[PDB]
Amino acid sequence: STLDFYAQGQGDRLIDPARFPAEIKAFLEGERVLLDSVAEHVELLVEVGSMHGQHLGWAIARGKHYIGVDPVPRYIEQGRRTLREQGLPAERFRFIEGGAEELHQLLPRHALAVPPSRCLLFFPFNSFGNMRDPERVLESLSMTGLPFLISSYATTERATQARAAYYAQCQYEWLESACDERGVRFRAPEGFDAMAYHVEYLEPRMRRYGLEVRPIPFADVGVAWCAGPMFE
Ligand SMILES: Nc1ncnc2c1ncn2[C@@H]1O[C@H](CSCC[C@H](N)C(=O)O)[C@@H](O)[C@H]1O
């Protein structure tokens, strides 16, 4: 999707809970169960596509270090206002205005202060599917060498119908679904462009960049692209 899409507020509709059908609520619950299931191996959660910080509350509750990464300034400002409000220290909870494309520049080893194995680059609610160039994101991920959890969707007709039911409740000028060699693409002329990549297309792309990924299916319509020792 476009930066303008989110900047101008159209993108806000995608985290309005009133717009979540049952299959997507189930998806978000399943997303959290996978995160919980490796929680004991996470000291630093890096939320990639964080918005205002959807999993900040998770990190606060579980006593984890937090970095929200999002290229939308108004979302970074919202997240930072939340940290100031509760008086949370910067050395534990931060926001970084940037793209997943430059993750390797945003997260140099020294800046972590946590072993690589206890870090998780968590891309929630199909943030990865809304990124301009997935090939750039995968290379950036490769160069960080950090464990990651890319939460996205399956490309079964049922998964596509779940996404259609979710996106259509945002009431954009029009909504197009297309299936091609890469995956299932939803577009709207507001600047919405959301992909779910076929398991058969993306797994080879992952391995090409040396990422030892497993596509873990969850909550009927989800697949979690999981790499790192906590997924042994
Ligand atoms: N290159 C990028 N790097 C990091 N975050 C990005 C990004 N491109 C978009 N995002 C952010 O990802 C967040 C969620 S987009 C997710 C859309 C929707 N939940 C879906 O199911 O497809 C937004 O805040 C957006 O600004």
Side-chain angles (χ1 to χ4, degrees), residues 1-12 14-15 31 42 44-56 65-80 94-112 114 116 119-153 180-188 190-199 201-213 215 223-228:
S1 304
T2 300
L3 186 42
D4 287 321
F5 173 60
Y6 303 105
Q8 294 171 328
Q10 303 289 339
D12 292 9
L14 290 159
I15 57 150
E31 193 181 58
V42 182
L44 170 58
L45 188 74
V46 185
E47 198 183 338
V48 183
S50 64
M51 309 192 69
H52 65 265
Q54 300 152 294
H55 297 273
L56 176 56
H65 288 60
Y66 182 89
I67 302 174
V69 187
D70 206 291
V72 182
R74 57 181 283 263
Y75 291 164
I76 297 303
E77 287 178 32
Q78 278 170 29
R80 281 175 178 165
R94 284 167 71 203
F95 281 91
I96 305 177
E97 182 186 330
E101 290 87 354
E102 56 173 319
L103 230 34
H104 68 295
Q105 303 195 62
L106 293 185
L107 302 167
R109 279 292 194 259
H110 63 98
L112 297 167
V114 173
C119 300
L120 186 64
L121 308 187
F122 175 37
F123 301 60
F125 207 171
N126 188 42
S127 70
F128 179 77
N130 291 67
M131 305 193 174
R132 177 195 193 159
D133 187 6
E135 293 290 308
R136 253 287 197 172
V137 176
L138 294 188
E139 191 183 45
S140 193
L141 266 180
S142 189
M143 293 178 160
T144 68
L146 292 172
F148 65 82
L149 171 30
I150 295 169
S151 184
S152 195
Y153 304 106
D180 77 355
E181 36 274 303
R182 296 168 304 153
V184 184
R185 194 176 174 181
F186 286 84
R187 292 143 104 196
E190 291 78 355
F192 184 54
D193 192 333
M195 188 70 65
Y197 298 91
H198 299 310
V199 170
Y201 178 74
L202 187 55
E203 162 145 34
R205 302 317 303 150
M206 296 270 186
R207 286 179 330 211
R208 172 267 177 254
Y209 291 111
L211 308 178
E212 299 182 320
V213 78
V223 30
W225 296 90
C226 303

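Quick note: residue numbers are just sequence positions, from 1.
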Would you find a donor on one side and an acceptor on the other, under 3.5 Å apart, between the side chain of [X] and the backbone of [Y]?
X	Y	value
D70	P73	no
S140	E101	yes
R80	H52	no
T144	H104	no
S142	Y209	yes
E47	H55	yes
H198	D180	yes

What heavy-atom pair brings [X] and [Y] nearest, and what distance separates the two atoms?
X	Y	answer
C119	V114	SG-O, 3.9 Å
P147	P116	CD-O, 3.2 Å
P124	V48	CD-O, 3.2 Å
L149	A224	CD1-CB, 3.6 Å
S50	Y66	CB-OH, 3.7 Å
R74	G9	NH1-CA, 3.9 Å

Check: [Y] and [X] side chains under 4.5 Å, non-hydrogen atoms:
X	Y	value
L112	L146	yes
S151	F122	yes
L14	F192	yes

Atom [atom1] in [X], atom [atom2] in [Y]: separation rounded to 0.5 Å?
X	Y	atom1	atom2	value
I67	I96	CD1	CD1	4.5 Å
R136	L103	CZ	CG	12.0 Å
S1	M131	OG	CE	10.5 Å
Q54	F125	CD	CZ	7.5 Å
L3	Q8	CG	CD	9.5 Å
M195	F128	CE	CZ	10.5 Å

Indicate whether the side chain of [X] and that of [Y] have a donor and an acceptor atom separated by less than 3.5 Å.
X	Y	answer
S152	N126	yes
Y6	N130	yes
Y201	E181	no

Are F123 and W225 close enough, and set up right, to give a side chain to side chain contact (heavy atoms under 4.5 Å, CB included), and what steps lead you there?
CA-CA 10 Å; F123 301 60; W225 296 90; over 6 Å; no
Check the pair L121, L107 against side chain to side chain contact (heavy atoms under 4.5 Å, CB included), reporting the backbone distance first and the verdict last.
CA-CA 10 Å; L121 308 187; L107 302 167; 3.7 Å; yes
Stepwise, does the side chain to side chain contact (heavy atoms under 4.5 Å, CB included) test hold for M206 with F148?
CA-CA 12 Å; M206 296 270 186; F148 65 82; 4.1 Å; yes
Atom CD of residue position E135 - does it have more than 12 heavy atoms of other residues, nucleotides or ligands inside 6.0 Å?
yes
Step by step, work out the side chain to side chain contact (heavy atoms under 4.5 Å, CB included) result for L141 and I150.
CA-CA 11 Å; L141 266 180; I150 295 169; 3.8 Å; yes
